[PDB]
Ligand SMILES: [Zn+2]
Ligand SMILES: [Zn+2]
């Protein structure tokens, strides 16, 4: 099949629009979201048709930036407010079944400050849910791990965990992988306790949370391995995606394997989301000097669930 | 330098004595501990001198098994009680500065039951300390990780952790590696919380336990990296040994890297200890059919801190 991927062009005065058009020109999934006048500046410079666009380079005009403000590259309140307008519109499109994945192109933290930014939670807000219901899916070195809990003290995460998060984390990951072309993803649930509690010997958290969720998912047809001690489970190459119960459980193995050749998307909000930004290339903006590679990386991540090494 | 390694021959009616003599014959470290008459049966069969032995094949006679009971291979109360006598004597020798490491050769769980076994804690008892003060050092794939806490619920381990365990785990690992020929081992302390608590943001466990221990060890001259988020730390090849704060933190990365090509010793009791046993080869005992490989594996583990892949 083909996913449709929205690229929100990022800071209009930055490098985003340039790499967004560059990525789209090269190009099994692409619909740009941004001020059409901003995108056109860059397209003419290196190109094909551009159609304002239901379905059928394609772009959706999201009107934000005063023309007066378009100068590559400084930024202003308006260009910071625009970056988020584009993301907002791309997420609205996802809500309307139009778009499968949203990629946020590089932005400027100083411009967003100027306007009156942090995506996973901005995404959560827009989508009508708390931050805790969006889950980080970390990919690299042939591993894909969604995290039921993330940035907090491990004594706090253990307390947050319940059947709801583990079930929502697993279903979101299956659906993501299905969109990615993995028809029947094998899910691996990591044990909360070592050895997934060893028949109650190490406590009853797995008996309470991951065992009942495992049974429920299997009854809805999914193939689910576990819960099993994470140290055994991750040795199994037959698993397509793993549910880690806390930050370190999934961050250690991906980073050990892949190091820097890894990347993240957020799932659970009813869209595959990722961000590209290592800042807006302001001092090279306009010049067409931007390389699209990091962005083609994110497209690859959301459509394939792999990271090249 | 050279370590001296005690091989406690295991069940006299089993394969232990055979592989113990076989290992010793091949053979930069070896002193057998067992009934001399049991060891001699096997030596004559494939050999060199054997000297009963302070310092200078070498063996220490540990008198346990009635001769009447020596038959390879069935077992009896007496041969189960002998296996543990040999280990006991080897640990006494370690206590007397005579021996650096003790390896327990294969035993028989049914014979030990018959007599009136579980080593890490048997070791702890003999050495005059509780089980919780001996730490598992897990090695493979170029990683060496000592665990401050091990087989219990992760909510229970978090509660057990204190500066004392982390300090004792780190010092024991340094001393082990020094015995192994690593003069100046670089120690890596894993963060209890993700990102080692991110400046208190994720809680204060690292501020309380691993930060003060890190400062203390550095003041006693050791080079200590961390505490740092375990997912970053383990990416550092400059570290010679890591202190994991709970079971999964150290079991995930060693097993991910090395799988089955990994092995464990216990440290912290004032001896490097490991066991070889996958049961006594009773139906092949006598025949000289035993391969010494698993035992040469354990010798390699305790003298070098590596596992061949
Ligand atoms: Zn993190
Ligand atoms: Zn275990």
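Give or take rounding to whole Å, what are the principal axis extents of the alpha carbon atoms in segment B:269-309, in descending order?
34, 26, 13
Let me understand segment B:165-309 better: what is its radius of gyration from the alpha carbons, and its Dmax, in angstrom?
Over segment B:165-309's Cα set, Rg and Dmax evaluate to 17.9, 64 Å.
Can you work out the FRET efficiency for the pair residue A:47 and residue A:95, with r the C-beta to C-beta distance and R0 = 45 Å, to the nearest 0.05?
Result of the calculation: an efficiency of 0.90.
What spacing in nm lies between the two simple spin-label points modelled at residue A:37 and residue A:220, each 7 Å away from Cα in the Cβ direction?
So the label points at residue A:37 and residue A:220 sit 4.7 nm apart.
What's the center-to-center distance, using Cα atoms, between segment B:27-43 and segment A:190-216 in Å?
Comparing the Cα centres of segment B:27-43 and segment A:190-216, I get a distance of 46 Å.
For residue B:68 and residue B:25, FRET efficiency with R0 = 25 Å and r from the beta-carbon atoms, rounded to 0.05?
Between residue B:25 and residue B:68 the formula returns 0.35.
What ranking do A:105, A:47 get, fewest neighbouring Cβ atoms within 10 angstrom at the top?
A:47, A:105
Where the convex hull is taken over the Cα atoms of segment A:54-101, what is its projected area averaged over directions, in nm²?
Dividing the Cα hull surface by four gives the mean projection, 4.3 nm².
Hey, if you drop one equal point scatterer on each alpha-carbon of segment A:226-309 and run the Debye formula without solvent, what base-10 log of I(q)/I(0) do you get at q = 0.13 Å⁻¹?
For segment A:226-309, the Cα-only Debye profile gives -0.56.
From largest to smallest, what semi-axes in whole angstrom does chain A give when each is the square root of 5 times an eigenvalue of its alpha carbon gyration tensor?
The three semi-axes for chain A are 38, 19, 17 Å.
Between residue B:175 and residue A:300, what's the calculated FRET efficiency when r is the beta-carbon distance and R0 is 35 Å? Round to 0.05.
Efficiency, from the Cβ-Cβ distance: 0.15.
Taking only the alpha-carbon positions of the protein assembly as shown and ignoring solvent, what does the Debye formula give for the base-10 log of I(q)/I(0) at q = 0.06, 0.10, 0.12 Å⁻¹?
Each listed q corresponds, in turn, to -0.43, -0.91, -1.14.
Taking the alpha carbon gyration tensor of segment B:66-183, what are the square roots of 5 times its eigenvalues, largest first, to the nearest whole Å?
31, 18, 14
Distance from a point 7 Å along Cα→Cβ of residue A:159 to each backbone N in segment B:162-201: keep the residues under 20 Å and list them by number.
Answer for this model: B:162, B:192-201.
Would you calculate the separation in nanometres between label points at residue B:207 and residue B:238, each defined as 7 Å from the Cα along the Cα-to-beta-carbon direction?
Roughly 2.7 nm, to one decimal.
Scattering from the C-alpha atoms of segment A:1-124 alone, worked out with Debye: what is log10 I(q)/I(0) at q = 0.16 1/Å?
Evaluating at q = 0.16 Å⁻¹ gives log10 I(q)/I(0) of -0.70.
Separation of segment B:229-277 and segment A:97-129 by C-alpha centroid, Å?
40
None of the figures in this text is laboratory data; all of them are computed from the coordinates on show. So basically every Cβ, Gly included, is an ideal-geometry build from the backbone, and we count neighbours across all protein chains shown.
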